[PDB]
Every structure is written in structure tokens, then in C-alpha cells.
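Heads up, the thing below is written out as C-alpha cells.
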Amino acid sequence: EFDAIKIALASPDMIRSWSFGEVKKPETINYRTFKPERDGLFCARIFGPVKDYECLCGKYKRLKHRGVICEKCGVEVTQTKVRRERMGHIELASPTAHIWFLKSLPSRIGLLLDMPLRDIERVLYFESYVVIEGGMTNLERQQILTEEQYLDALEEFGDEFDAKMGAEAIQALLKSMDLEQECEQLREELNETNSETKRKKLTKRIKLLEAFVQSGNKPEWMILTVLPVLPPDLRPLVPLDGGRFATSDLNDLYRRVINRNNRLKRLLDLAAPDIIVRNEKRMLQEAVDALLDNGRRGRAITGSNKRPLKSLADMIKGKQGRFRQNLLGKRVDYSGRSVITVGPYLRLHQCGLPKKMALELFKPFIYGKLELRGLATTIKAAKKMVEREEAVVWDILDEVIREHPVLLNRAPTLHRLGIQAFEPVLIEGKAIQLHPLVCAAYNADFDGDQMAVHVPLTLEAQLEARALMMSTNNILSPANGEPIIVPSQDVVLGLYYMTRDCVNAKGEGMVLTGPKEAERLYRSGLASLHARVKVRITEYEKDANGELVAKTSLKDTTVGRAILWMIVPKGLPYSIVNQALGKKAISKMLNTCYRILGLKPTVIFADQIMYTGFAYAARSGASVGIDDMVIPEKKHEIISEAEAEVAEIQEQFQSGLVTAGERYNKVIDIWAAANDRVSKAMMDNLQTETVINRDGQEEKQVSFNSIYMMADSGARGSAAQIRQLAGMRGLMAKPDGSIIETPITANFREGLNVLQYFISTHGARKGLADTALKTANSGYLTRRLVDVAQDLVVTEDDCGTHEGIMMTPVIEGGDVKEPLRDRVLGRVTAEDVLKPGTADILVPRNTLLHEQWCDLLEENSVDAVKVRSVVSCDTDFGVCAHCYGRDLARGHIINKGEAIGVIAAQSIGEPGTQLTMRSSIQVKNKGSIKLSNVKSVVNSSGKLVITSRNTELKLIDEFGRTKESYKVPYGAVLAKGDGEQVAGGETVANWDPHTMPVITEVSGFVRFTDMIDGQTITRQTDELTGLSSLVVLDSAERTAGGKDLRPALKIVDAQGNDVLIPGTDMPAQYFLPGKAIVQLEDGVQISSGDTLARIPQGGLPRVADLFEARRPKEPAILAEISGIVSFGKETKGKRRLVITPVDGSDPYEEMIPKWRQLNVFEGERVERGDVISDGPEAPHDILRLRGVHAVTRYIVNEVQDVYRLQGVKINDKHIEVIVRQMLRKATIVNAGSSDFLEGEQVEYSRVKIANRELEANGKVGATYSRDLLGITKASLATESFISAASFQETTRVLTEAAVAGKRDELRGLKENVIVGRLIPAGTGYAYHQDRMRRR
Amino acid sequence: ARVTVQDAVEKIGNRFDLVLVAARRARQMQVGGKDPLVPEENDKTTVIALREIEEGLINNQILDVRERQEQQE
Amino acid sequence: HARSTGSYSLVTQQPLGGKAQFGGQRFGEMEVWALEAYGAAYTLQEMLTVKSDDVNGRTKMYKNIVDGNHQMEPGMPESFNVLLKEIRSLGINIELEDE
DNA sequence: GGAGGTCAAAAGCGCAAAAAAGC
RNA sequence: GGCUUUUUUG
DNA sequence: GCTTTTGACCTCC
Ligand SMILES: [Mg+2]
Ligand SMILES: [Zn+2]
Ligand SMILES: [Zn+2]
């Protein structure tokens, strides 16, 4: 129907073609009669009729007069819907400047005409003169004038120079400016000028000039001449009760502008003095300005409400605008709302529905079925019998809703599980019944939360719902493989109470034939629900070639476990149902079923579990009473001891022997220890109890106290809450963060005096405030993720590239934070996995990893593997199917046409609600010692001192895997040699944390060479120490003649020669910085690298700042090019540093502040991308120096660090997809054989696709550099201007597209959603393949 | 009646093609003629078609050859 | 409450909102994302065009349902045309292209 | 003379609901 | 049927 | 009011 959407500037010609007449009367209607006013804003002649097929005159009526103009009213007889399309135009008496093109962030007129923006507003608002042609005078053509200058020049030169006023002058000068001549002048100028500030402005100007050259638009069109009028129906005068009428802001502004046009055109006819016309034209300009955009220039037009009126620009942008309120989301029919209520008797794949809601929703379906059966013939008759609620109506409704699935969602719909399909079943009442198991997925509790129902209509919709959105097809979350149907709360307590033996109970110690018999005993009351017995059981195993084999024996279990064994299907072993069966176990057990028995058995088994759990929890009667809170007996006296402790510490403050900090820390530690002791004693007393066994002796068993049962099973609560009930509450915090010295010694079971309760509310208010204000920030963030990633759909099976990223277990030096197993699970190998034995292929290339291949790695103990990743896939406008890896929802390889970008955005944005805004080295485990990226020397004492920055420790296990990694400063002490079988719990490295050393290079003797005393170094024998040492003077006393005197401590041997290091023999003098004290003297022995001087020196906002690629406040600068360190002409306000390559030139320079720390000196060799200062590392530099594969690993690591700190499991696959959408743009370096400017910024995929055939033929490529953009900015800069326009900054994007005459292709997801066509994803993907094949 | 479509989506490549072919078959069943190949148990048109998918006797290839043979009149 | 087919707003032709006005619910933008996350495209296309505002097509939907035939006509949402005219109400020229 | 530093202006800041009033 | 103002729930 | 970003004017080297 339409291939694409084209947007460009307008012309008076096409505006006149659009309109059907001109409007001249500001009045709208009679307001006496209900008839439209002729020639007004609702003119029947201009726009159209009022009643369908009825002209205003009434002479002609009905279809017989269609397409005929009435004689006197002149209104064509046709339908009234044309009132929505026909537009009007207003002939302005004088040209008027358009606001948008003048007042964007970059001014279009401002840069096109090359003037400051301030002057143009002065010219337009008639407050200053302007030259339109200098002529043969002393005035520039584009010169700005004022009154006095021109009045003097009026008689000085006369008609020699030409100057005018207003939008007329602006348009006249704009038309007089040539375009190709300006373009060629810029082309000449850029190749000549050498100044970065000029480069960007000139490049922008030339790009805009070329944009006008190529596009079929002309600059003079920018100034309005004829003003279009919105169609009447879109700005309706709807009548209310009474003679008054409802008027919109559009009508008022249109009336004002048209009335002013009439006034000015009447006043111009009599040739009024120029003073009058200036003000009238200026304030008409203000009126049109307010019409197109209100409040942009200054004070906004306000009505009786004293609030600014809506305008055209106000009706497009913002949440209340057109896009975000009526295109991306719109109200629907066949929907309803209700209150949730639990129902246990429903199966997993169905939900309840009230009768009235079902009838109202499926009324259109009932009408048809009644006609088919012949109960009523006319639709009116059927409607009559529906409202009577006849007996046949319910029967036919039951028949028509047997398998008609319905949709259920709960706002907010955070993740994709928020909408699920169901098969309704009719119930009584007025509430919607829901299955308990899925309540965890919605995050919905039964405290008044409300559901909405929608109904599919077509067969495609019904089948789509049944095969995709049904509940039984959603048991693994897309975020991670963990199940989503985990039983919780009441069911868990029932299962826990089922499977728990007692040391003695009724009917204990007998033998039972089978589980069927065991159930007979429990119901008869002849045996206790849990008493240890011996039962015959039979289990099946699928160990054969997919076949079940039976086996039978006797197992020592309890009655309850035998009862539970009936519902377990055949495959599972018996040992899975023989433990206490808490929350953590039961889910695991359920999960195993899905691993072996497919889907139907596992859903049936989950349903049976829920039934049995509810039943046996109800029959248990587990209740909580006041006596259940067992308060430990020792607790009381323990507090006394703690009191005594502080009774001493305070005395130390009275004697003055301790400071405020010392006492504070002491009392804090003492109270914390007392808290821990009380908690441990309480748990030890509560968790066990004594009961008489069979032989009459006391035996300790796990206690059957209600609170302990509800805590240990994990059904609800944790050890912290049980602490809160019985033991002390613990230390509490002030609002700012300080900890109160006096803790709350009382518990909730007993009383809390007044002030304890008061100080307990400091934390709670903070928690509530943070919870209330986190939902606003977090949800918004999700939006920014969706618009960046909404273009990503899998389109091709294989991309055919070998490039990838290596994957290693992340370690901070302690236990592994994430082992190698889970990070690599479900991906594809970039290269074949090689055995530690050389040249052996463990894993073939291009093979998916799963449980059968991962365990092979564990047995073989492979260190690391390089896997293919989405960030490196090469297919354009899509993602390789293999590169994305294994689909986490189903467990097999992903299939084409699935939307991965939206899935990743939802997955990363959902857990945001669970976030909050506010010297020695010791080994811990046995293992070897291994060092890489290290170079060190052996000191005189016999140990090792390190001089390599990249030294990292390893603890090699029995096989070779790395257990820990540490960073050590240079010049530490290594007590042991590398490769030795070291033991755990033994220190390995030592150094000074508070000082940075000036350690020597090799063994030698220091000779006092080239130090000037009194201006550079002085012998500061400070009396507080009584020690004489060489101290370098500060930077204040020294000056240009003294700062240039660098103290060169040259390390020499006995002969005085330079350092004879392997390969090179440079003189190794050390330029001492300021504040350096030299304790060693001349002739003193120096070890291998001995010291010469010791110089002195987080939540959701963090995630948001990390994704936007914010520049940190203290950027740690890096190295830029490989080469030796070389200082320069320093103390020029800032420092100068140069890097000298081995063979290449060394022209690079950059500014560094003195006051910031410096870590590298002359006698160091620095590689590009090595730190110089300290602090956070900005992403832009990481991309610029270390490449793409470095930045993607940094962002993933930091985000996953935050999430694992808060205990949320999200797969690393989703994080990097967004990163792939951040690296979209790229900057040209050299044009080469291409046709791009060097300063341009274009798409990396576009450059690659365009250059690829160029290199295929006999041409050369174009060099480029991938750039990084924040998600907010990266979303704005996209080809499809519709999606960018809908997202943010509507005014800027529309103007930028219109000026350049850009054209949309309609290939994304959002821009296809807007115009009502099928999205190119999921089921709709097959349709576009058919469509794309035709074209 | 039917609750899950795991076996049917095992029979066909991916779920989306299954949705498309099942929709086409159900449309043929409902709009006119085309007596279903499997006996009905008073079920809607959509599910009865879907069953035929998991019997391995209706798919994109089998359904296509039948219609061209009907249209050759 | 629930709605099958009731009134319609005068400007954008979308159904009203609020229980007192007997209007339908709001298929929110987040719901659009979530329904995009599935492969479900036909249901979203329904929500966008037939049940909301395709005034020429939604009438044909009602007549088809009564006849027993479950089929749609895509059409093109009426709310999008409005915006077109509105952008044309400024100095910006925006138009569709050939088939 | 210009590249760097510092000051000034625009744009955004959950979603669903309901209930009322008032304009 | 649009806007404004609050209040309340999730 | 927060915060960022971008543009524009001053000015130090
Ligand atoms: Mg709730
Ligand atoms: Zn007439
Ligand atoms: Zn690929």
C-alpha cells in the first residue's frame, strides 16, 4: 500500500494545492443558531458539509444529488467524513518567520546565513536595522545596523546601499544567497584552514549546504507565506449543557492570528505611518510564534485558567502528546477489569471468570451462535434474549467458551511473563480466580491487586495465544534458565511437614506392603503421619536406550514419604523424595523431572504437588502462638556482662587514655559480639528438643516448634526475622549513616520502651522512601533500553566469522565469583577447544555447548575458552543465529525471527526494582604459585622484588586451573620462588601502602651527582626526629632557574658506569620529584632495587551512569602509543609528556595537571593503554586505545558486579546485546576511494556494507574508527526518523529530518507498530520475507 | 481437548511456522467444506486442526500439494 | 466492568476510558513491549488496528464474527492519519509513497 | 591568534487506576 | 470529551 | 531542584 514515508519542507504552491479555500472571518458559528458561519473557521463551503449527503442550503438531498454543488451555499453533497481531511489556508499579508527552524539547539537560519542567533531575533522583532545589499558603500552586505547608524547613513549614502526590516528582509537576503558558490568556497576553505574549532563548524555548514543541494528544497521556503489551517473536526466545538460551547486552544489562537492579519491588511491599504506598521507586524509575528509553539521565545499566552494554551508543538511532544498516548499504546475493546482471588481447584492451564464479564465480553460471539441454532432470527431479537439471561443463553455461552483462550496482564508488565494466556472456566461471584502457582511470575499478591482481561478474535490470534502465551509453555524464564513455577509458602510447609521423621510415634517399626497400603493406615488413624518404617517400593529408571526398567526392594522411610511417593512419575529415583524436602530441595526435585520427563509429565507433577501440599498443610493445622517464641534464658545475664564491659570503656574516656573514635569502635565491637552470642544461643535453644524414645531415654531430635518449622523449611522468613523476634534487634543507624552506640536490647515478643521504638523508625522511613522513589527512576531506565534495542531480530543462520571473545572465570583473589561452567553454558565455540595435551581437539568448532559438553570440560579441567559473541557478529541489520547462542526459554538453539533486543531490555530492566540508591597478601587455600606478566629481580637479602606493573598472582591447583589473582605494587617482597608447591594460610608479599618508593634499578653504589644544595635539595635535620637526610625542596622556593635543575640520582657501579641492563645501556639517573627525603647516603650499600625515598600520596544510579557512558569526575588518563617515556617542556601551567616509539615518530602531546598523581617516570617503558594517573577508567578511552573487545568486557563485568552484589541472577548474554547497540556509529578517518568526508559520523554497518564491494573491485577501502555513544544519544541518532521522533526531543528530530529531506524505510519494530502493519518479528517475520521477495 | 503443543512443535521446525500452518488449516476447515481427517469430540476449529499437525499427516508440504490439485479444475 | 462495543472518542476514534463512561482498558506501552517479546505479532496487530480505531475495518470485524467467519482486514489506524494532517498543519511536508 | 576554561540555556524527570471537584 | 487540581490504591 | 549536555563568550598561553 505504501513502501516508505517521505518528509521534506513545504512550498506555498503545495500549501495552496492542499487547501480548498481561504479563511477570513475569525468568528466560528452563529452561537444563536447551530449552523456554521460562512467563510469562517468552520465554513461549509471551504471544508465540507455537516450532515451526510445534505448540503447547507438544503435544496439538494440524498444520494441522487451526490457530487453536485448547491447554487447559493456551494457545498458539495457527499459524506461528512471528508470534514476530517480537507484543509484550509490563510494568506498572510506579510512574510512571517518560522520558529522551529530559527530556535532549535543549532539554529538552521543561524548557521545557514552565518550570523549569531541574537542578531536575527533583533532583526525580526523590528528592534534593529539590517543591510540587504552593501552596494558601492562602506557597509557589509550581511552587516547589522541600528537606528542611529542607518539614519546617519540615510543621508550619507542614500540609495547607494540597500537595507530593510523584518521577515521580508530575511527572505530577500536568503533568496539572494547562492548555494553552489558557497559550497565550493567552503570546499576550498576546509583544505586550507588548520584549526580544530573551525573544522567542526565549517564541516557542519558544508554538510547542511550539500543537504540543501541534493534535496528538492530551497532555503527561501523556510519563511512562511501562506499558513495552513488544521481540518475542522480535529479541533471540535463540542456543545455541553447550556448555550455555552466548548472551545479548544487551536480555535482561539487561529482566531487571534486571522483577526490580526485582517487588521494589518486593512491598515496597510490606507498607508499608515511606518511607526504603526512596525509594531503591528512585530506583534503579528508574536501571534504566529505563539500559534506554532507556545512559550519557546518568552512569556507564553495564557487563558482564563492562567495556564499556557496548547499549541501544535505541544500536541505532538510529551507524554500527553500524540505519539506516546495514542500511537504506541491505545485503548481497546473486548477488555475488562476485576479483583484477583486465589483458587486452588483450578489446573495450571486455566483461570476463572465471572459470568457477567464473560457474557459482556463474548456478546458478539453469542449473537452468531444463536442465529446458527435458530433461536432468534434478527440481531435485535438476539440482543433482547441476551439481556434477559435466558436458560439457553448460559448453555450457548458454555458451548462457545470451551477452548477460547483469554489474556491476563497486570500493570506494570515488567517482563514478558506479565501477559499470559488461559482457558476460562465460568464461576459465580464478581472476582477473577487465578491459579496460585503463577502468582509468583506476575509478582502479584492477593491484597487488592487487579487484573485486566483481553480477548483474541481471529484464528491466527487464538492459535498464537495457545502455542506461545499459554501458561504451560512458560516454565523457564528468559532472563536465566532457572524455573519460574517454583512452589512457595503454604505448599512448601505442607511438604515439609509431610516428610520429617519423629523418634517415636504411633505405629512405628512395622512393615508395609506398598504406598497404596500406607495411605490406608494414615486415614484410619492407626499410624502416625510420620514414623519410621520399612516399605516395599518400586522405581523405574531410563538408564537403557530410552526405556524404563523396574526394580524392587525395601527402603527405610516414613509413612508420609510413602504417601508422597504416589504422585512422583516413573522416571525419578526414590532418593529424591527421602529428605526433609524444604523449599530449596522441592524445586530442584521438580526441575529434575523437566530434565528427564519432558513437559506434560512435569506440569502434571507440579499440579499434583500443589494439590497434595495444600491438602496435607490444611490437615496439619500448623499455627503460631505467643508461647512459640522461645526466649533464651541466658540472654538476660549476657546483657549484664556487656553492660559491665562498657562500664569500663567509658571510664577510659574519663581518664583521657582513649579518644572519641577509640571508645566508639570499642563499644561497637563489644555490642556486635554480644548480639552474635545472643543470636547463637537463641538458635541453639530453639532448634532442638527432647522427647522420650522407645526404650525410655531422652533423645534430641529436630524441634517441631511452629516458628522453627516455618523458618527452616524456607516457606517464609529467615534467620534474621527469628533473631528479631526472640533475641535483640541489634544496632540501628542514624539517617546520615552513623551507628548508634546504644543498641536496642529488647525484642518484639516483649516490650519496647519509647525511645527504642523511636530510633527504630529512622531506618524504616528511609526504606519506605527509597522504595517509593526507586520505581520512578528504574522503570524509566527500562524505556531507554527498549528504544535502543528494539531493532534487533535474528535474521540469518550463520554469519561466517571466526572472531570472538575469550571467557574466563572471574576471580578477585578469593573464591570464584562465577565459575567457568555457567558463563560459557549455552554458547558456541569461536575456535576449537584444545586439550591441555598439545594438538588434541576436545570440542569441534561451531558446536553448541550444553550439559553433555560442559561436564566434559569439568572432567578435563580446561582453563578458558574463546566463544563467539553477538558483539562481533558480522551480518548487517541483524544478528547471526549461532552468535546469539542458545535460547534460554526453550533450551535449544535459537530460531530465526525472534526479537532478542526487546527480550534483553526487559531482562535487564526488570530487576531494577530490587536495587537501592543509598599492605599484606595472605593465601587461603592449598595450591602452587604461578606468575605471568611479571618481571622482577632477586634482592640482596635473597628474596624477590618486582618491577612490573602487570604482575598477577595465581594459585595453581592439582591440575593447573587458576584459583586466585592479586595486584601487587612494584618493589614488594616475595618470600618464595615461582613454581614452588606452596601451602595455604601463608603470607607471600609485603610492601608499604602509605608511601610510594623510589627503589633503585640494580646493584650499585650511589654517587652524589648533579644535586644543587639550597635551591633543589637541603639537609632537613628536623628536631622532631634528630635525623639528617637529603630532602628535595618544594616547588614554591624553586623557580625557572631552580625547577629546571632536576636532582639526578644516577645509579652506578664502583666504576661509575651506567646500568648494564640486558640490551641497552642508558644512564639511569632518577629525577627526584618534590617532597622527597633521601635517607640513604653516599657510599651506603644498595640492594637489588633498594628504596631511595618514600613519597607520601553505587546502585541504580551507578548502572544508569555506566550505560550512558558518563565521563567520570576524575578520569584516569591512559597511555596512547607504544614507546619509551619521554618528558618535555613542563611547568607551562600544565605538564607535557611525549611517547617515543622504537622507529615511529613521536609528535603526540597532551596536557596533565601537576597536582594530580604521577605513576610513571623516565626510566619506564609504557605500552599504549597503561594508566598514568589513578581513578575510574572512562569507557571512551578504553574503546579508543584497547579496542572493542576490551570495552565490552569492562561494562559486562561492572554491571554483573553490581547485580551479584545485590544477589540477582541475569545472564551475561543480555548485557552485551545493548553494548552492540551502543557501538552503532563510527567516524571516518581517511576517505580513500570512498565518498565520505573525514569529519563525518556515519553508521558502522553502512560503512562496512558500502566499502565491502569497493574492496571487491579494483579500489581501496576507507579507514574508520568505531565510536561509543550513550544509549540516550545513540537512540536519537538512527536512520528511521519515526522511531527517534517518538522517543525524545520531538521538535529537534522533525526539524532535522525536514531540513535534510530525509526519507524513512520502515524496517524496524516500533515504526512498523505505529502504522498498523505486521512487525518484522515472530510470526510476522515470514510475511516480510514474502514481501521482500516481491521487491 | 488439548493443553500443550510440545509434541506438535517437535513435529514441525519452529513454533511460528506451526502457527501459520495451523491457522491456514483451521481457516480451510471452518470457512467451507474440508471435513477433518481426525474424528471430532466437539472441539473448536483451531484445536482440531492442531491435532492433525502432531499426527504427522498435515504440514506445509502436504497441505500445499492438496490445494493445487483442487484448483486445477 | 467489561466492554464489548460502546461509544468512541470524537477526535482520535479510540474507545473511551473509565468505568462511568463504559470504556475499555488501555493496552499500555509496556504491554506492547511484552507482547513484542513473544513471537506474537497477530494479536498485537489486532490490538493496534481492528479493535481500536480502524473505523472502516472494525465494522467489518463485527459483521464477520456474527456470520461465524473469524477473519480480519488490516486497514490502517485512523489515529495515524490525524497526526499526518497535524504535521502538515505546520510548515512540514510529510507524505506516503508508491506501492 | 586560538585552543582551553568558564558561564548560560534547553530537555527529561513510572505506570495503571479510580474518586471527586472546577474550567 | 479535553484540560486543571488534588486524594487514594497497587 | 538534579542532572546532563551543548552552545557561546572570555582569556590565558
Ligand atoms: Mg499488591
Ligand atoms: Zn447552497
Ligand atoms: Zn554471526
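Chains: A, B, ... in order of the C-alpha cells. Residues: from 1 per chain. Ligands: from 1, in order shown.
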
Which chain A residues have any atom within 12 Å of an atom of ligand 3, and for each, what is the nearest pair of atoms with distance in Å to one decimal, counting only C-alpha atoms and all ligand atoms, rows sorted by chain and number, as a tab-separated table?
residue	atom	partner	partner_atom_place_in_ligand_line	distance
A:794	CA	ligand 3	1 (Zn)	9.6
A:795	CA	ligand 3	1 (Zn)	10.0
A:796	CA	ligand 3	1 (Zn)	7.9
A:797	CA	ligand 3	1 (Zn)	7.6
A:798	CA	ligand 3	1 (Zn)	5.4
A:799	CA	ligand 3	1 (Zn)	3.8
A:800	CA	ligand 3	1 (Zn)	6.3
A:801	CA	ligand 3	1 (Zn)	6.6
A:802	CA	ligand 3	1 (Zn)	9.0
A:803	CA	ligand 3	1 (Zn)	9.4
A:804	CA	ligand 3	1 (Zn)	10.0
A:827	CA	ligand 3	1 (Zn)	11.9
A:828	CA	ligand 3	1 (Zn)	10.3
A:829	CA	ligand 3	1 (Zn)	11.7
A:830	CA	ligand 3	1 (Zn)	10.2
A:846	CA	ligand 3	1 (Zn)	10.9
A:867	CA	ligand 3	1 (Zn)	11.6
A:868	CA	ligand 3	1 (Zn)	7.9
A:869	CA	ligand 3	1 (Zn)	7.8
A:870	CA	ligand 3	1 (Zn)	6.8
A:871	CA	ligand 3	1 (Zn)	9.1
A:872	CA	ligand 3	1 (Zn)	7.4
A:873	CA	ligand 3	1 (Zn)	4.0
A:874	CA	ligand 3	1 (Zn)	5.8
A:875	CA	ligand 3	1 (Zn)	6.3
A:876	CA	ligand 3	1 (Zn)	9.7
A:877	CA	ligand 3	1 (Zn)	11.7
A:878	CA	ligand 3	1 (Zn)	9.0
A:879	CA	ligand 3	1 (Zn)	6.0
A:880	CA	ligand 3	1 (Zn)	3.4
A:881	CA	ligand 3	1 (Zn)	6.2
A:882	CA	ligand 3	1 (Zn)	5.9
A:883	CA	ligand 3	1 (Zn)	4.4
A:884	CA	ligand 3	1 (Zn)	7.5
A:885	CA	ligand 3	1 (Zn)	9.5

Original post:
Which residues come within 9 Å of residue B:3, counting only C-alpha atoms (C1' of nucleotides), excluding same-chain residues fewer than 3 positions away, as a PyMOL selection string?
Top reply: chain A and resi 349+466+470+472+600

Could you give me, as CSV, every chain A residue with an atom at most 9 Å from chain D, plus its closest atom pair and distance in Å to one decimal, counting only C-alpha atoms (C1' of nucleotides), rows ordered by chain then number?
residue,atom,partner,partner_atom,distance
A:105,CA,D:10,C1',7.6
A:195,CA,D:2,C1',7.8
A:196,CA,D:3,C1',8.2
A:197,CA,D:3,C1',7.9
A:304,CA,D:23,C1',8.4
A:305,CA,D:23,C1',7.1
A:410,CA,D:16,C1',8.6
A:411,CA,D:16,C1',5.6
A:412,CA,D:15,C1',6.0
A:775,CA,D:14,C1',6.5
A:776,CA,D:14,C1',4.8
A:777,CA,D:14,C1',7.5
A:778,CA,D:14,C1',8.1
A:779,CA,D:14,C1',5.6
A:780,CA,D:14,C1',6.3
A:1288,CA,D:12,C1',8.4
A:1289,CA,D:11,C1',7.5

**OP:** Just list the residues in stretch 66-99 of chain C DSSP gives helix (DSSP H, G or I) on the backbone, as number ranges by chain.
**Re:** C: 66-67, 78-88

What would the file look like if the residues just selected were written as a compact mmCIF listing (two decimals), in the first residue's frame with N, CA and C atoms?
# COMPACT_ATOMS: atom_id res chain seq x y z
N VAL C 66 -20.42 -12.31 13.67
CA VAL C 66 -21.79 -12.79 13.73
C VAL C 66 -22.02 -13.89 12.70
N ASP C 67 -21.39 -13.77 11.54
CA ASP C 67 -21.56 -14.78 10.49
C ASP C 67 -20.81 -16.07 10.78
N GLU C 78 -6.71 4.85 12.22
CA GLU C 78 -7.19 6.20 11.93
C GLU C 78 -6.42 7.24 12.73
N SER C 79 -5.93 6.85 13.91
CA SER C 79 -5.19 7.79 14.74
C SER C 79 -3.91 8.26 14.07
N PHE C 80 -3.35 7.48 13.15
CA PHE C 80 -2.12 7.90 12.48
C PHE C 80 -2.40 8.98 11.44
N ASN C 81 -3.55 8.91 10.77
CA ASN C 81 -3.88 9.94 9.79
C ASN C 81 -3.95 11.31 10.43
N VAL C 82 -4.59 11.41 11.60
CA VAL C 82 -4.69 12.68 12.32
C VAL C 82 -3.31 13.33 12.42
N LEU C 83 -2.36 12.61 13.01
CA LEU C 83 -1.02 13.15 13.18
C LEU C 83 -0.46 13.66 11.86
N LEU C 84 -0.67 12.91 10.78
CA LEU C 84 -0.22 13.37 9.47
C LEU C 84 -0.71 14.79 9.21
N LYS C 85 -2.03 14.97 9.22
CA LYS C 85 -2.58 16.30 9.00
C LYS C 85 -1.98 17.30 9.96
N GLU C 86 -1.82 16.90 11.22
CA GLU C 86 -1.29 17.82 12.21
C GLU C 86 0.12 18.26 11.86
N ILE C 87 0.97 17.34 11.40
CA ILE C 87 2.31 17.75 10.98
C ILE C 87 2.21 18.64 9.75
N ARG C 88 1.28 18.34 8.85
CA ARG C 88 1.06 19.23 7.72
C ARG C 88 0.50 20.58 8.16

Original post:
Residues within 10 Å of ligand 1 (only C-alpha atoms (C1' of nucleotides) and all ligand atoms), as number ranges by chain?
Top reply: A: 340, 443-450; E: 9-10

Go ahead and save the residues from that selection, with C-alpha atoms (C1' of nucleotides), as a PDB file, in the first residue's frame.
ATOM      1  CA  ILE A 340      -7.812 -11.086  41.990  1.00  0.00           C
ATOM      2  CA  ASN A 443       4.770 -10.732  41.315  1.00  0.00           C
ATOM      3  CA  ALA A 444       1.116 -10.395  42.304  1.00  0.00           C
ATOM      4  CA  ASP A 445      -0.186 -10.879  45.836  1.00  0.00           C
ATOM      5  CA  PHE A 446      -3.816 -11.094  46.929  1.00  0.00           C
ATOM      6  CA  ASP A 447      -4.020  -7.759  48.745  1.00  0.00           C
ATOM      7  CA  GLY A 448      -6.343  -5.980  46.323  1.00  0.00           C
ATOM      8  CA  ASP A 449      -4.273  -6.160  43.140  1.00  0.00           C
ATOM      9  CA  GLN A 450      -6.357  -6.010  39.970  1.00  0.00           C
TER      10      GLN A 450
ATOM     11  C1'   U E   9      -4.634   2.063  45.945  1.00  0.00           C
ATOM     12  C1'   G E  10      -1.439  -1.075  43.709  1.00  0.00           C
TER      13        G E  10
END

**OP:** Please report as a PyMOL selection string which residues of chain A come no farther than 7 Å from chain C, using only C-alpha atoms.
**Re:** chain A and resi 1-10+228-230+234+326-337+357+360-361+363-365+367-368+413+415-416+456-461+464+898-899+902-903+1298+1315-1319+1321-1324

Subject >> Within 7 Å of ligand 2 (only C-alpha atoms (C1' of nucleotides) and all ligand atoms), residues as a ChimeraX atom specification >> reply: /A:55-59,70-75

Let me see the file: selected residues, C-alpha atoms, as a CSV table (one decimal), in the first residue's frame.
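Okay, this is what ended up in part-v3.csv:
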chain,number,residue,atom,x,y,z
A,55,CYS,CA,-25.8,20.5,1.6
A,56,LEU,CA,-26.1,23.6,3.8
A,57,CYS,CA,-28.8,25.2,1.6
A,58,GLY,CA,-31.0,22.1,1.8
A,59,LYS,CA,-32.1,22.4,-1.8
A,70,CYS,CA,-25.5,23.8,-4.5
A,71,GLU,CA,-26.2,27.2,-6.1
A,72,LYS,CA,-26.1,29.6,-3.2
A,73,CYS,CA,-24.2,27.8,-0.4
A,74,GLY,CA,-21.9,26.0,-2.8
A,75,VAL,CA,-21.3,22.9,-0.6
